[PDB]
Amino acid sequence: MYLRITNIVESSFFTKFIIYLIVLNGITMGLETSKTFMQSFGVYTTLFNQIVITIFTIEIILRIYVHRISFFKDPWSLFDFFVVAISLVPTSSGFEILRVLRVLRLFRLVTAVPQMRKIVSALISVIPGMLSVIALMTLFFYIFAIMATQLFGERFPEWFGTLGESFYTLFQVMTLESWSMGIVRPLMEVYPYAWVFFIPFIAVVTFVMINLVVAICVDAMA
């Protein structure tokens, strides 16, 4: 029987069936969006949900006993378990968030489907080349998120009144979203020297933000 389950899991029909449950449940999860729906067919789908998660457990379990240790060294299956375990967390009570994170089980179409897996892994293999820069940037923010707070948090509490609020406000300034009209120009009505903080921050941040990309294109071309 050891092998009876093996031929099930590795069969193309098995993969076909999982993907079918995905694309179907993918649709129907976006239908519990409609209020009209969750009245006419509302009872219908919370159960169909309970159905699909039940099958995936079997499938994810079938994958377990068939692959033994092969299952738990492959990110896609570890993700499958979590993204199933998430939806395995009870519907009732608990926290409302887990009632929502079930939708992550539609990234299982990135698992169950091979062509996406490559696009994904192609992008992630690129990540490590950046980590030397991402770290500095985080320190850089940290050294700046701190200064902003004790420079501007006094009269501008919402934006800089907290290291957390400064980190948010600094990220937004990095994104350049309303940084001047919304944040800096108001700031200067009180501290006319604010442009010495945020202009250098912006230049440094954008400059460094660029090199990261060339650092990527340089890697592949070299």
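One-based numbering along the sequence shown.
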Comparing 77-85 with 129-137, the higher average Cα temperature factor in the PDB entry belongs to 77-85
Tell me which stretch, 153-161 or 187-195, has the higher mean Cα B-factor listed in the entry. 153-161
Out of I69, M181, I27, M174, residue topping the C-alpha B-factor column of the entry: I69
Among the chain's modelled residues, which third holds the C-alpha B-factor of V103? middle
Lowest, middle or highest third - CA B-factor, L170: lowest
Comparing against every modelled residue in the chain, figure out the third that the C-alpha B-factor of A145 lands in (lowest, middle or highest). lowest
